[PDB]
Amino acid sequence: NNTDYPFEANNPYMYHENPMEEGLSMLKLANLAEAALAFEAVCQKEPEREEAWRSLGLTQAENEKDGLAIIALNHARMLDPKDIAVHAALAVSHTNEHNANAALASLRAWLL
Ligand SMILES: [Mg+2]
């Protein structure tokens, strides 16, 4: 798919020196929205850094945002087509998104 990621404007990590390292520290601590912002900053500062795109995608999947995860993972795959962790993560996020959407459609059928 699409590799055009919708970066959040006004990202505070844009004026930090090492947002990759902060991202990895926050991800390890389970502070996912902040980690995702830190990785978005890395992806804008260093757009060819495939590990930044992969980390952004994996963080977004962990933070239940599989649509955004897929765009970042697609960008990672374009940068390093041989990264098979990215291949597996893309298949996982597509399945996650499909399952969540089916669950919501089932619940809305019941409620409405
Ligand atoms: Mg999930």
# chains A, B, ... in the order shown; residues from 1 in each chain; ligands from 1
>>> residues_near_ligand(ligand="ligand 1", cutoff="9 Å", atoms="only C-alpha atoms and all ligand atoms", output="VMD selection string")
chain A and resid 61 to 66 93 96 to 97 100
>>> write_last_selection(atoms="C-alpha atoms", output="CSV table (one decimal), in the first residue's frame")
chain,number,residue,atom,x,y,z
A,61,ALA,CA,0.4,-1.7,16.3
A,62,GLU,CA,1.0,-2.0,20.0
A,63,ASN,CA,-1.0,1.2,20.6
A,64,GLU,CA,-4.0,-0.3,18.6
A,65,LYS,CA,-3.6,1.9,15.6
A,66,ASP,CA,-3.1,-0.7,12.9
A,93,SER,CA,-1.5,-5.6,11.5
A,96,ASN,CA,-5.6,-7.1,13.7
A,97,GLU,CA,-7.4,-4.3,11.8
A,100,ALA,CA,-11.2,-5.2,15.3
>>> residues_around(residues="residue 36 of chain A", least_positions_apart="3", cutoff="8 Å", atoms="only C-alpha atoms", output="VMD selection string")
chain A and resid 23 32 to 33 39 to 40 56 59 to 60
>>> closest_residue(among="A:24, A:79, A:112, A:69", to="residue 48 of chain A", atoms="only C-alpha atoms")
A:79
>>> closest_residue(among="A:10, A:58, A:95, A:50", to="residue 78 of chain A", atoms="only C-alpha atoms")
A:50
>>> closest_residue(among="A:27, A:91, A:70, A:14", to="residue 45 of chain A", atoms="only C-alpha atoms")
A:14
>>> closest_residue(among="A:108, A:46, A:88, A:54", to="residue 71 of chain A", atoms="only C-alpha atoms")
A:54
>>> residues_around(residues="residue 80 of chain A", least_positions_apart="4", cutoff="12 Å", atoms="only C-alpha atoms", output="PyMOL selection string")
chain A and resi 48-54+73-76+84-87
>>> closest_residue(among="A:13, A:6, A:18, A:67", to="residue 34 of chain A", atoms="only C-alpha atoms")
A:13
>>> decode(residues="segment 11-25 of chain A", atoms="N, CA, C and O atoms", output="mmCIF file, in the first residue's frame")
data_model
loop_
_atom_site.group_PDB
_atom_site.id
_atom_site.type_symbol
_atom_site.label_atom_id
_atom_site.label_comp_id
_atom_site.auth_asym_id
_atom_site.auth_seq_id
_atom_site.Cartn_x
_atom_site.Cartn_y
_atom_site.Cartn_z
ATOM 1 N N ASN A 11 4.848 18.243 16.973
ATOM 2 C CA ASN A 11 5.465 17.133 17.698
ATOM 3 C C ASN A 11 6.632 17.700 18.520
ATOM 4 O O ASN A 11 7.565 18.171 17.875
ATOM 5 N N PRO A 12 6.573 17.590 19.818
ATOM 6 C CA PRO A 12 7.605 18.162 20.681
ATOM 7 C C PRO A 12 8.979 17.553 20.498
ATOM 8 O O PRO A 12 10.028 18.247 20.509
ATOM 9 N N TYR A 13 9.008 16.276 20.072
ATOM 10 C CA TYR A 13 10.294 15.639 19.808
ATOM 11 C C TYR A 13 11.029 16.211 18.633
ATOM 12 O O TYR A 13 12.200 15.835 18.404
ATOM 13 N N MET A 14 10.433 17.049 17.767
ATOM 14 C CA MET A 14 11.105 17.615 16.622
ATOM 15 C C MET A 14 12.305 18.477 17.042
ATOM 16 O O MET A 14 13.212 18.715 16.218
ATOM 17 N N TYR A 15 12.259 19.016 18.272
ATOM 18 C CA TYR A 15 13.423 19.824 18.686
ATOM 19 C C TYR A 15 14.226 19.143 19.768
ATOM 20 O O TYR A 15 14.902 19.771 20.601
ATOM 21 N N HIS A 16 14.235 17.801 19.800
ATOM 22 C CA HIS A 16 15.011 17.004 20.735
ATOM 23 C C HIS A 16 16.190 16.450 19.908
ATOM 24 O O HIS A 16 16.105 16.323 18.684
ATOM 25 N N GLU A 17 17.283 16.185 20.578
ATOM 26 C CA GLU A 17 18.505 15.732 19.915
ATOM 27 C C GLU A 17 18.485 14.287 19.469
ATOM 28 O O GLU A 17 18.889 13.969 18.347
ATOM 29 N N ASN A 18 17.961 13.425 20.347
ATOM 30 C CA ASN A 18 17.970 11.984 20.058
ATOM 31 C C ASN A 18 16.616 11.339 20.315
ATOM 32 O O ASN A 18 16.426 10.500 21.193
ATOM 33 N N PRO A 19 15.627 11.716 19.495
ATOM 34 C CA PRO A 19 14.292 11.133 19.661
ATOM 35 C C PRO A 19 14.261 9.611 19.407
ATOM 36 O O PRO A 19 13.391 8.932 19.992
ATOM 37 N N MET A 20 15.187 9.023 18.651
ATOM 38 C CA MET A 20 15.207 7.569 18.491
ATOM 39 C C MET A 20 15.440 6.894 19.830
ATOM 40 O O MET A 20 14.766 5.968 20.291
ATOM 41 N N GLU A 21 16.449 7.392 20.579
ATOM 42 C CA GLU A 21 16.765 6.816 21.884
ATOM 43 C C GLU A 21 15.674 7.034 22.903
ATOM 44 O O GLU A 21 15.278 6.136 23.661
ATOM 45 N N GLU A 22 14.988 8.217 22.847
ATOM 46 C CA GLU A 22 13.871 8.435 23.751
ATOM 47 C C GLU A 22 12.708 7.503 23.372
ATOM 48 O O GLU A 22 12.078 6.913 24.248
ATOM 49 N N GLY A 23 12.517 7.331 22.063
ATOM 50 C CA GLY A 23 11.431 6.458 21.600
ATOM 51 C C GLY A 23 11.645 5.039 22.142
ATOM 52 O O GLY A 23 10.703 4.396 22.615
ATOM 53 N N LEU A 24 12.875 4.514 21.966
ATOM 54 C CA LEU A 24 13.162 3.157 22.435
ATOM 55 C C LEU A 24 13.006 3.045 23.933
ATOM 56 O O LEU A 24 12.435 2.077 24.453
ATOM 57 N N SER A 25 13.451 4.058 24.705
ATOM 58 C CA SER A 25 13.217 4.022 26.142
ATOM 59 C C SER A 25 11.753 4.050 26.535
ATOM 60 O O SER A 25 11.299 3.243 27.354
#
